[PDB]
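Source file: run-v2.csv (CSV, C-alpha atoms and all ligand atoms)
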```
chain,number,residue,atom,x,y,z
C,1,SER,CA,0.0,0.0,0.0
C,2,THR,CA,0.9,3.7,-0.3
C,3,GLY,CA,-0.6,7.0,0.9
C,4,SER,CA,-0.1,10.6,-0.4
C,5,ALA,CA,-1.4,13.7,1.3
C,6,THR,CA,-0.9,17.4,0.7
C,7,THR,CA,0.6,19.5,3.5
C,8,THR,CA,-0.3,23.2,3.7
C,9,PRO,CA,1.4,26.1,5.5
C,10,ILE,CA,-0.8,27.4,8.4
C,11,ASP,CA,0.2,31.0,7.7
C,12,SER,CA,2.2,33.3,5.4
C,13,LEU,CA,5.5,32.6,7.2
C,14,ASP,CA,5.3,28.8,7.0
C,15,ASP,CA,5.3,28.6,10.7
C,16,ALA,CA,4.0,25.0,10.5
C,17,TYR,CA,2.2,22.8,8.0
C,18,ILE,CA,-1.0,20.9,8.4
C,19,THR,CA,-2.1,17.7,6.7
C,20,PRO,CA,-5.7,16.3,6.8
C,21,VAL,CA,-6.1,13.0,8.6
C,22,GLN,CA,-9.2,10.8,8.7
C,23,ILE,CA,-9.9,9.4,12.2
C,24,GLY,CA,-12.8,7.0,13.1
C,25,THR,CA,-15.9,5.7,11.4
C,26,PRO,CA,-17.5,7.6,9.9
C,27,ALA,CA,-14.4,9.6,9.2
C,28,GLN,CA,-13.6,12.7,11.3
C,29,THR,CA,-11.1,14.8,9.4
C,30,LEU,CA,-8.6,16.7,11.5
C,31,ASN,CA,-5.7,18.9,10.3
C,32,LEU,CA,-2.6,17.6,12.1
C,33,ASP,CA,1.0,18.8,12.3
C,34,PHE,CA,3.2,15.9,11.1
C,35,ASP,CA,6.2,16.0,13.4
C,36,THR,CA,9.3,13.9,12.6
C,37,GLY,CA,10.7,15.1,16.0
C,38,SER,CA,8.1,13.4,18.2
C,39,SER,CA,6.2,10.1,18.4
C,40,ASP,CA,2.6,10.8,19.7
C,41,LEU,CA,-0.5,11.1,17.6
C,42,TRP,CA,-2.7,13.4,19.7
C,43,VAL,CA,-5.8,15.4,19.0
C,44,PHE,CA,-8.1,18.0,20.3
C,45,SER,CA,-11.1,16.1,21.4
C,46,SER,CA,-14.5,16.2,23.1
C,47,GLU,CA,-12.5,15.5,26.3
C,48,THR,CA,-10.4,18.7,25.9
C,49,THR,CA,-11.1,21.3,28.7
C,50,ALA,CA,-13.6,23.6,27.0
C,51,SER,CA,-11.7,26.8,27.8
C,52,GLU,CA,-8.6,25.4,26.1
C,53,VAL,CA,-10.4,24.9,22.7
C,54,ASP,CA,-10.6,28.0,20.5
C,55,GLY,CA,-11.6,27.1,16.9
C,56,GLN,CA,-9.9,23.7,16.5
C,57,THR,CA,-11.8,20.8,15.0
C,58,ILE,CA,-12.2,18.1,17.7
C,59,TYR,CA,-12.2,14.3,17.6
C,60,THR,CA,-15.3,12.8,19.3
C,61,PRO,CA,-14.6,9.1,20.0
C,62,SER,CA,-18.2,8.5,21.1
C,63,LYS,CA,-19.3,9.2,17.5
C,64,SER,CA,-16.9,6.7,16.0
C,65,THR,CA,-18.1,3.1,15.8
C,66,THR,CA,-14.5,1.9,15.6
C,67,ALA,CA,-13.1,3.8,18.6
C,68,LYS,CA,-12.3,1.9,21.8
C,69,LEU,CA,-10.8,3.2,25.0
C,70,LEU,CA,-7.3,1.9,25.6
C,71,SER,CA,-8.1,1.2,29.3
C,72,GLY,CA,-5.8,2.7,31.8
C,73,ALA,CA,-3.5,4.4,29.2
C,74,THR,CA,-2.5,8.0,29.7
C,75,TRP,CA,-0.1,10.3,27.9
C,76,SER,CA,1.8,13.6,28.7
C,77,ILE,CA,4.2,15.4,26.4
C,78,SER,CA,6.4,18.5,26.6
C,79,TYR,CA,7.9,19.9,23.4
C,80,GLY,CA,11.2,21.9,22.9
C,81,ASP,CA,9.2,25.2,22.6
C,82,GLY,CA,7.8,24.8,26.2
C,83,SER,CA,4.3,23.7,25.0
C,84,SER,CA,2.6,20.6,26.4
C,85,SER,CA,-0.5,18.4,26.3
C,86,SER,CA,-1.8,15.3,28.1
C,87,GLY,CA,-4.8,13.0,28.2
C,88,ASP,CA,-6.1,9.5,27.7
C,89,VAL,CA,-6.0,7.1,24.7
C,90,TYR,CA,-8.4,5.5,22.2
C,91,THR,CA,-7.6,3.1,19.4
C,92,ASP,CA,-9.3,3.8,16.2
C,93,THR,CA,-8.9,3.7,12.4
C,94,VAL,CA,-6.6,6.4,11.0
C,95,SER,CA,-6.1,7.2,7.3
C,96,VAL,CA,-3.6,9.5,5.7
C,97,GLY,CA,-3.8,10.2,2.0
C,98,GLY,CA,-5.6,6.9,1.3
C,99,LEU,CA,-3.3,4.7,3.6
C,100,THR,CA,-5.3,3.2,6.5
C,101,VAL,CA,-4.1,1.8,9.8
C,102,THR,CA,-6.5,0.0,12.1
C,103,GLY,CA,-6.0,0.0,15.8
C,104,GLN,CA,-3.9,3.2,15.8
C,105,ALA,CA,-3.4,4.8,19.3
C,106,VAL,CA,-5.2,8.2,19.1
C,107,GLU,CA,-4.2,10.2,22.1
C,108,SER,CA,-7.1,12.4,23.2
C,109,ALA,CA,-6.1,15.7,24.9
C,110,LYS,CA,-7.7,16.5,28.2
C,111,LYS,CA,-5.3,19.5,28.6
C,112,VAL,CA,-3.3,21.5,26.2
C,113,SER,CA,-1.0,24.5,26.8
C,114,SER,CA,-1.8,28.0,25.7
C,115,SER,CA,0.3,27.9,22.5
C,116,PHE,CA,-1.9,25.0,21.2
C,117,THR,CA,-5.2,26.8,22.2
C,118,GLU,CA,-4.0,30.0,20.5
C,119,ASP,CA,-3.4,28.2,17.2
C,120,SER,CA,-6.8,27.5,15.8
C,121,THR,CA,-5.3,25.9,12.6
C,122,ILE,CA,-3.7,22.9,14.3
C,123,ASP,CA,-6.0,20.1,15.5
C,124,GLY,CA,-3.2,18.0,16.9
C,125,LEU,CA,0.1,16.3,16.1
C,126,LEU,CA,1.0,13.2,14.2
C,127,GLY,CA,4.5,12.0,15.4
C,128,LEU,CA,6.9,10.4,12.9
C,129,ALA,CA,10.0,10.0,15.1
C,130,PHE,CA,10.8,6.5,16.5
C,131,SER,CA,8.2,4.8,18.7
C,132,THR,CA,10.7,4.6,21.6
C,133,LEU,CA,9.8,8.3,22.3
C,134,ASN,CA,6.0,7.7,22.5
C,135,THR,CA,4.7,8.9,25.9
C,136,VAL,CA,1.8,6.5,26.4
C,137,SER,CA,1.9,4.8,29.8
C,138,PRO,CA,1.9,2.0,31.0
C,139,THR,CA,2.0,0.5,27.5
C,140,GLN,CA,4.0,2.5,25.0
C,141,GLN,CA,2.3,2.8,21.6
C,142,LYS,CA,3.5,2.8,18.0
C,143,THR,CA,3.5,5.7,15.5
C,144,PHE,CA,1.3,5.7,12.5
C,145,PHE,CA,4.4,5.0,10.3
C,146,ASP,CA,5.5,2.1,12.5
C,147,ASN,CA,2.0,0.5,12.4
C,148,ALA,CA,1.8,1.1,8.6
C,149,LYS,CA,5.3,0.0,7.7
C,150,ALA,CA,4.9,-3.7,7.1
C,151,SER,CA,1.9,-3.0,4.7
C,152,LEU,CA,3.8,-0.4,2.7
C,153,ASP,CA,5.3,-1.1,-0.7
C,154,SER,CA,8.6,0.3,0.6
C,155,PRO,CA,9.2,1.1,4.4
C,156,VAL,CA,9.6,4.8,3.8
C,157,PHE,CA,7.9,8.1,4.0
C,158,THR,CA,9.0,11.4,2.3
C,159,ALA,CA,8.6,15.0,3.2
C,160,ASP,CA,8.4,17.6,0.4
C,161,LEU,CA,7.6,20.8,2.1
C,162,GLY,CA,6.8,24.0,0.2
C,163,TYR,CA,8.1,27.5,0.5
C,164,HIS,CA,5.0,29.6,0.9
C,165,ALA,CA,3.1,26.9,-0.8
C,166,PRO,CA,1.6,23.4,-0.3
C,167,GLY,CA,3.8,20.3,-0.4
C,168,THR,CA,3.4,16.6,0.1
C,169,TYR,CA,3.9,13.7,2.5
C,170,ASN,CA,4.1,10.3,0.8
C,171,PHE,CA,4.1,6.9,2.5
C,172,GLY,CA,5.4,3.8,1.0
C,173,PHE,CA,7.0,5.1,-2.2
C,174,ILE,CA,9.5,7.6,-3.7
C,175,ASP,CA,8.1,9.9,-6.2
C,176,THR,CA,11.0,10.2,-8.7
C,177,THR,CA,9.2,13.2,-10.4
C,178,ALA,CA,9.4,15.3,-7.2
C,179,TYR,CA,13.1,16.0,-7.1
C,180,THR,CA,16.1,16.8,-9.3
C,181,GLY,CA,19.3,14.9,-9.6
C,182,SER,CA,19.9,12.0,-7.2
C,183,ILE,CA,19.0,11.3,-3.6
C,184,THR,CA,22.0,11.2,-1.2
C,185,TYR,CA,21.5,8.9,1.7
C,186,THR,CA,23.2,9.4,5.1
C,187,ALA,CA,23.4,7.4,8.3
C,188,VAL,CA,20.9,7.8,11.1
C,189,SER,CA,21.4,7.2,14.8
C,190,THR,CA,18.1,6.2,16.6
C,191,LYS,CA,19.8,6.3,20.1
C,192,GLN,CA,17.8,9.5,21.1
C,193,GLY,CA,14.6,8.4,19.2
C,194,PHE,CA,15.1,11.0,16.5
C,195,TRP,CA,16.0,11.0,12.8
C,196,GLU,CA,19.5,12.0,13.9
C,197,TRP,CA,22.2,12.4,11.3
C,198,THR,CA,25.5,14.3,10.7
C,199,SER,CA,25.8,17.0,8.1
C,200,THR,CA,29.2,17.4,6.5
C,201,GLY,CA,29.4,21.2,6.7
C,202,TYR,CA,28.1,24.5,5.5
C,203,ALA,CA,28.6,27.6,3.3
C,204,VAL,CA,27.2,31.1,3.7
C,205,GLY,CA,26.1,32.7,0.4
C,206,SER,CA,28.7,32.3,-2.3
C,207,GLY,CA,31.4,31.6,0.3
C,208,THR,CA,33.6,28.6,0.5
C,209,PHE,CA,32.3,25.4,2.0
C,210,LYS,CA,33.5,24.6,5.5
C,211,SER,CA,33.9,20.9,6.1
C,212,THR,CA,32.8,20.2,9.6
C,213,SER,CA,30.5,17.5,11.2
C,214,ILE,CA,27.2,18.9,12.5
C,215,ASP,CA,25.1,16.3,14.3
C,216,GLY,CA,21.4,17.2,14.3
C,217,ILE,CA,17.8,16.0,13.8
C,218,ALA,CA,15.5,16.2,10.8
C,219,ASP,CA,12.4,17.7,12.5
C,220,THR,CA,9.4,18.7,10.4
C,221,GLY,CA,7.7,20.0,13.6
C,222,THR,CA,10.3,22.7,14.2
C,223,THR,CA,10.0,25.9,12.1
C,224,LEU,CA,13.5,27.1,12.1
C,225,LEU,CA,17.1,25.9,11.5
C,226,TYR,CA,19.0,25.7,14.9
C,227,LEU,CA,22.8,25.2,14.5
C,228,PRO,CA,25.9,25.8,16.6
C,229,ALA,CA,26.6,29.4,17.7
C,230,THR,CA,29.8,29.5,15.6
C,231,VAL,CA,27.9,28.6,12.4
C,232,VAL,CA,25.0,31.0,13.1
C,233,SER,CA,27.4,33.9,13.9
C,234,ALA,CA,29.2,33.3,10.6
C,235,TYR,CA,25.9,33.5,8.7
C,236,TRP,CA,24.5,36.6,10.3
C,237,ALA,CA,27.9,38.4,10.1
C,238,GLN,CA,27.1,38.6,6.3
C,239,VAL,CA,23.9,40.7,6.9
C,240,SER,CA,24.5,44.4,7.7
C,241,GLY,CA,22.8,45.3,10.9
C,242,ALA,CA,22.0,41.8,12.1
C,243,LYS,CA,22.4,41.1,15.7
C,244,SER,CA,21.4,38.7,18.5
C,245,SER,CA,18.7,40.2,20.6
C,246,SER,CA,18.3,38.8,24.1
C,247,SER,CA,15.0,40.8,24.4
C,248,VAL,CA,13.5,39.3,21.2
C,249,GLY,CA,15.1,35.8,21.7
C,250,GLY,CA,17.4,35.4,18.8
C,251,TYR,CA,19.0,36.9,15.8
C,252,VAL,CA,17.1,39.8,14.1
C,253,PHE,CA,18.0,41.7,11.0
C,254,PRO,CA,16.8,44.8,9.2
C,255,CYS,CA,13.7,44.1,7.1
C,256,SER,CA,15.4,46.1,4.3
C,257,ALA,CA,18.1,43.4,4.0
C,258,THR,CA,18.6,40.9,1.2
C,259,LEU,CA,19.6,37.6,2.9
C,260,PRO,CA,22.3,35.3,1.7
C,261,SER,CA,21.6,31.7,1.0
C,262,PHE,CA,22.8,28.9,3.4
C,263,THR,CA,24.2,25.6,2.2
C,264,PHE,CA,24.4,22.4,4.2
C,265,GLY,CA,26.2,19.2,3.3
C,266,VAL,CA,24.8,15.8,3.0
C,267,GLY,CA,27.7,13.5,2.4
C,268,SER,CA,29.4,15.0,-0.7
C,269,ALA,CA,26.1,16.6,-1.8
C,270,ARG,CA,24.9,20.1,-1.0
C,271,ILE,CA,21.4,21.5,-0.2
C,272,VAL,CA,21.0,25.2,-0.8
C,273,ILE,CA,18.5,27.2,1.3
C,274,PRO,CA,17.7,30.4,-0.6
C,275,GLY,CA,18.0,33.6,1.5
C,276,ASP,CA,14.3,34.3,1.2
C,277,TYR,CA,13.6,31.1,3.2
C,278,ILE,CA,15.5,32.6,6.2
C,279,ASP,CA,13.2,35.6,6.5
C,280,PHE,CA,10.5,35.3,9.2
C,281,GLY,CA,9.2,38.8,8.9
C,282,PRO,CA,8.7,41.6,11.4
C,283,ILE,CA,9.2,40.8,15.1
C,284,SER,CA,6.0,42.5,15.9
C,285,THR,CA,3.5,43.9,13.6
C,286,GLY,CA,4.8,46.9,11.6
C,287,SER,CA,8.4,46.6,13.0
C,288,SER,CA,11.4,47.1,10.7
C,289,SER,CA,13.3,44.5,12.7
C,290,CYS,CA,12.8,41.0,11.2
C,291,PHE,CA,13.3,37.6,12.8
C,292,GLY,CA,15.9,35.3,11.4
C,293,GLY,CA,15.3,31.7,10.3
C,294,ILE,CA,18.7,30.4,11.3
C,295,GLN,CA,19.2,30.6,15.1
C,296,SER,CA,21.6,29.2,17.7
C,297,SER,CA,21.0,25.8,19.2
C,298,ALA,CA,23.1,26.7,22.2
C,299,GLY,CA,21.1,25.7,25.4
C,300,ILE,CA,18.8,23.4,23.3
C,301,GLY,CA,21.3,20.6,23.6
C,302,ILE,CA,20.8,19.4,19.9
C,303,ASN,CA,21.0,20.9,16.5
C,304,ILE,CA,17.7,20.9,14.6
C,305,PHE,CA,17.2,20.8,10.8
C,306,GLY,CA,13.7,22.2,11.0
C,307,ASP,CA,11.4,23.3,8.2
C,308,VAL,CA,13.7,26.1,7.0
C,309,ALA,CA,16.2,23.5,6.0
C,310,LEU,CA,13.9,20.6,5.1
C,311,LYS,CA,11.7,22.6,2.7
C,312,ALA,CA,14.8,23.2,0.5
C,313,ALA,CA,15.0,19.5,-0.1
C,314,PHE,CA,13.0,16.3,-1.0
C,315,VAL,CA,13.6,14.3,2.2
C,316,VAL,CA,13.4,10.5,2.5
C,317,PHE,CA,12.8,9.0,5.9
C,318,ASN,CA,13.9,5.4,5.3
C,319,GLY,CA,12.5,3.1,8.0
C,320,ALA,CA,14.3,-0.1,6.8
C,321,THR,CA,15.9,-2.3,9.5
C,322,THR,CA,18.8,0.1,9.5
C,323,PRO,CA,17.2,3.5,9.1
C,324,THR,CA,18.7,6.2,6.8
C,325,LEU,CA,17.8,9.7,5.6
C,326,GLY,CA,18.0,10.8,2.0
C,327,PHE,CA,18.1,14.3,0.7
C,328,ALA,CA,17.7,15.6,-2.9
C,329,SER,CA,17.5,19.0,-4.4
C,330,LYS,CA,14.2,20.0,-6.0
Q,401,NA,NA,8.8,33.5,17.1
```
When written as structure tokens, how does the structure in this file appear?
Amino acid sequence: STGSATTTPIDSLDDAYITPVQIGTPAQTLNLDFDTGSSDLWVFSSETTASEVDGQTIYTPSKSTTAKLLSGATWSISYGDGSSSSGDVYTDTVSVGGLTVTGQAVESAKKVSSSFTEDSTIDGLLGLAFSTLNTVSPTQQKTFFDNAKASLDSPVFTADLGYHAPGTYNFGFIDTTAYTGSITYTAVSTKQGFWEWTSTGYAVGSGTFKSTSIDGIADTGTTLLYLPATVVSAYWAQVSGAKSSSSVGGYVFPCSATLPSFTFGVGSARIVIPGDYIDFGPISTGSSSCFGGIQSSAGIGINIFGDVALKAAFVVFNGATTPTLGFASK
């Protein structure tokens, strides 16, 4: 089997992407944030504290003929941005882009933090990291990908995120029409539960490529590119008037600037992030200070190849016995 679903930016900045997901019988369609940096499929629900719901579509298990309580199971998750959610668990039928899994753990939120409530466009998360990170207790649950894997034509999924435009998540096949050139595959460590890999270096604009190992994670649920402070300083040094602002919480730059590209290495191959992808717009409405899309990972404890980086590539998440990542230009 295969599946193919369109993913759509939630706003004009590409802050996140939402993908429609069918849950239950008859189908309830919720727009979920597919997150290769976490491993829980959780939704706003009929159980979510009413004051914490503001415009989201909810899953109502009592209206699904295939829902069953996973008795005694609870979940609770905290993300890198400080957000959190928790609740109980149902199993139900879940379909993505025509690919169906029966018996998927659907984590129903009883509580969500303010950042979730405030984002009316995201109805929950669908985790695509390794199932070792799933938070369900006392019986850890599998991701949608892990439950689908054995049925798929190939044990893979791909992320093809758009810049200010829709893109695609495919399951079970490579769309050879969706990228240019060849796919370069690179090793993955699953030791922290992430799609963790080592980039071979970077370049800023038309500058020379610096060969250096940068360990980090491929994380579709993170907006920005978080890299070591040395790398990030070298990038922003090429933008007149850019500075790190402790008050704003990262590098800012004059909205009048034209940003340089940023290249990262994948083995001997190179992915180029256009400068425009690194502009996250005014820090507050009407400001002439703009927020940068490349930020320091110092204090986060891991480098993160978030959407800024991934949307410059066609990315293969290869879930074979030995997982690997692939990157192609597009
Ligand atoms: Na921000």
Next item on the list: Give me the residues within 8 Å of segment 21-32 of chain C as a list in words, counting only C-alpha atoms and dropping any in the same chain fewer than 2 places off.
Entry: residues 18, 19, 34, 43, 57, 58, 59, 61, 63, 64, 65, 66, 67, 92, 93, 94, 95, 96, 97, 121, 122, 123, 124, 125 and 126 of chain C
Do you know which residues are at most 12 Å from residue 281 of chain C counting only C-alpha atoms, after dropping those on the same chain fewer than 5 positions away, and could you put them as a tab-separated table (two decimals) with C-alpha atoms, in the coordinates of the input?
```
chain	number	residue	atom	x	y	z
C	11	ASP	CA	0.20	31.00	7.70
C	12	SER	CA	2.20	33.30	5.40
C	13	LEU	CA	5.50	32.60	7.20
C	14	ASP	CA	5.30	28.80	7.00
C	15	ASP	CA	5.30	28.60	10.70
C	252	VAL	CA	17.10	39.80	14.10
C	253	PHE	CA	18.00	41.70	11.00
C	254	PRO	CA	16.80	44.80	9.20
C	255	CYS	CA	13.70	44.10	7.10
C	256	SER	CA	15.40	46.10	4.30
C	257	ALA	CA	18.10	43.40	4.00
C	276	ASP	CA	14.30	34.30	1.20
C	286	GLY	CA	4.80	46.90	11.60
C	287	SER	CA	8.40	46.60	13.00
C	288	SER	CA	11.40	47.10	10.70
C	289	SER	CA	13.30	44.50	12.70
C	290	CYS	CA	12.80	41.00	11.20
C	291	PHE	CA	13.30	37.60	12.80
C	292	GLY	CA	15.90	35.30	11.40
C	293	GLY	CA	15.30	31.70	10.30
```
Checklist line | Close residues, segment 168-176 of chain C itself excluded, 9 Å, only C-alpha atoms, min 2 positions apart in chain, as an NGL selection string | finding: :C and (1-8 or 19 or 34 or 96-97 or 99 or 145 or 148-149 or 151-162 or 166 or 178-180 or 316)
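Atom to atom, atom CA of residue 283 of chain C and atom CA of residue 299 of chain C stand 21.8 Å apart.
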Checklist line | Shell around residue 40 of chain C at 12 Å using all atoms listed in the file, local window under 4 positions removed, as a PyMOL selection string | finding: chain C and resi 32-36+74-79+84-89+104-109+124-137+140-146
Note to self: What does the structure give for the distance between atom CA of residue 38 of chain C and atom CA of residue 267 of chain C, in Å to one decimal?
What the structure shows: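 Result for atom CA of residue 38 of chain C versus atom CA of residue 267 of chain C: 25.2 Å, one decimal.
Taking atom CA of residue 224 of chain C and atom CA of residue 147 of chain C as the two end points, the separation is 29.0 Å.
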Note to self: Using only C-alpha atoms and all ligand atoms, can you tell me which of C:167, C:103, C:216, C:282 comes closest to ligand NA 401 (chain Q)?
What the structure shows: C:282
Checklist line | Given all atoms listed in the file as the counted atoms, nearest of C:317, C:280, C:305, C:44 to residue 198 of chain C | finding: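 Closest candidate: C:305.
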Checklist line | Spatial neighbours of residue 325 of chain C, max dist 10 Å, all atoms listed in the file, sep filter under 5 positions, as a ChimeraX atom specification | finding: /C:156,158,183-188,195-197,218,266,315-319
Note to self: So, with all atoms listed in the file as the atoms that count, which of C:211, C:223, C:261, C:329 lies closest to ligand NA 401 (chain Q)?
What the structure shows: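 Between C:211, C:223, C:261, C:329, the residue approaching ligand NA 401 (chain Q) most closely is C:223.
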Note to self: Nearest residue to ligand NA 401 (chain Q) out of C:327, C:235, C:277, C:251, using only C-alpha atoms and all ligand atoms?
What the structure shows: C:251
Item checked: Residue nearest ligand NA 401 (chain Q) - candidates C:248, C:229, C:320, C:307, atoms counted: only C-alpha atoms and all ligand atoms ->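 Using only C-alpha atoms and all ligand atoms, ligand NA 401 (chain Q) sits closest to C:248.
Restricting the calculation to all atoms listed in the file, the smallest distance between ligand NA 401 (chain Q) and any of C:284, C:48, C:139, C:39 is found for C:284.
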Could segment 226-245 of chain C be completed with N, CA, C and O atoms and returned as a CSV table (one decimal), keeping the file's coordinate frame?
```csv
chain,number,residue,atom,x,y,z
C,226,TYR,N,18.2,25.4,13.6
C,226,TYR,CA,19.0,25.7,14.9
C,226,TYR,C,20.4,25.0,14.8
C,226,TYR,O,20.4,23.7,14.7
C,227,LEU,N,21.4,25.8,14.8
C,227,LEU,CA,22.8,25.2,14.5
C,227,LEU,C,23.7,25.8,15.5
C,227,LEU,O,23.4,26.7,16.3
C,228,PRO,N,25.0,25.3,15.6
C,228,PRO,CA,25.9,25.8,16.6
C,228,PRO,C,26.1,27.3,16.5
C,228,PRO,O,26.1,27.9,15.4
C,229,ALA,N,26.5,27.9,17.6
C,229,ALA,CA,26.6,29.4,17.7
C,229,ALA,C,27.7,29.9,16.7
C,229,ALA,O,27.5,31.0,16.2
C,230,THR,N,28.7,29.1,16.5
C,230,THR,CA,29.8,29.5,15.6
C,230,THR,C,29.2,29.6,14.1
C,230,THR,O,29.5,30.6,13.4
C,231,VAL,N,28.4,28.7,13.7
C,231,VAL,CA,27.9,28.6,12.4
C,231,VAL,C,26.9,29.8,12.2
C,231,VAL,O,26.9,30.5,11.2
C,232,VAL,N,26.1,30.0,13.2
C,232,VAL,CA,25.0,31.0,13.1
C,232,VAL,C,25.6,32.4,13.1
C,232,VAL,O,25.2,33.3,12.3
C,233,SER,N,26.7,32.6,13.9
C,233,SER,CA,27.4,33.9,13.9
C,233,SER,C,28.0,34.1,12.5
C,233,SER,O,27.9,35.3,12.0
C,234,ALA,N,28.6,33.1,11.9
C,234,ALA,CA,29.2,33.3,10.6
C,234,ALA,C,28.1,33.7,9.6
C,234,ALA,O,28.4,34.4,8.6
C,235,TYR,N,26.9,33.1,9.7
C,235,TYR,CA,25.9,33.5,8.7
C,235,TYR,C,25.5,34.9,8.9
C,235,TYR,O,25.5,35.7,8.0
C,236,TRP,N,25.1,35.3,10.1
C,236,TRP,CA,24.5,36.6,10.3
C,236,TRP,C,25.5,37.8,10.2
C,236,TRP,O,25.2,38.9,9.9
C,237,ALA,N,26.8,37.4,10.3
C,237,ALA,CA,27.9,38.4,10.1
C,237,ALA,C,27.9,38.9,8.6
C,237,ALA,O,28.4,40.0,8.4
C,238,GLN,N,27.2,38.2,7.7
C,238,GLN,CA,27.1,38.6,6.3
C,238,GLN,C,25.9,39.4,6.1
C,238,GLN,O,25.7,39.9,4.9
C,239,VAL,N,25.1,39.8,7.1
C,239,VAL,CA,23.9,40.7,6.9
C,239,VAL,C,24.2,41.9,7.7
C,239,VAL,O,24.2,41.9,8.9
C,240,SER,N,24.2,43.1,7.0
C,240,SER,CA,24.5,44.4,7.7
C,240,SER,C,23.4,44.7,8.7
C,240,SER,O,22.2,44.6,8.3
C,241,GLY,N,23.7,45.0,9.9
C,241,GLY,CA,22.8,45.3,10.9
C,241,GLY,C,22.2,44.2,11.6
C,241,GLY,O,21.5,44.4,12.6
C,242,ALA,N,22.5,42.9,11.3
C,242,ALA,CA,22.0,41.8,12.1
C,242,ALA,C,22.6,41.7,13.4
C,242,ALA,O,23.9,42.0,13.5
C,243,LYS,N,21.9,41.2,14.4
C,243,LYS,CA,22.4,41.1,15.7
C,243,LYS,C,21.6,40.1,16.5
C,243,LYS,O,20.4,39.9,16.2
C,244,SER,N,22.2,39.5,17.5
C,244,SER,CA,21.4,38.7,18.5
C,244,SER,C,20.8,39.6,19.5
C,244,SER,O,21.5,40.3,20.2
C,245,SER,N,19.5,39.5,19.7
C,245,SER,CA,18.7,40.2,20.6
C,245,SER,C,18.2,39.3,21.7
C,245,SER,O,17.4,38.4,21.5
```
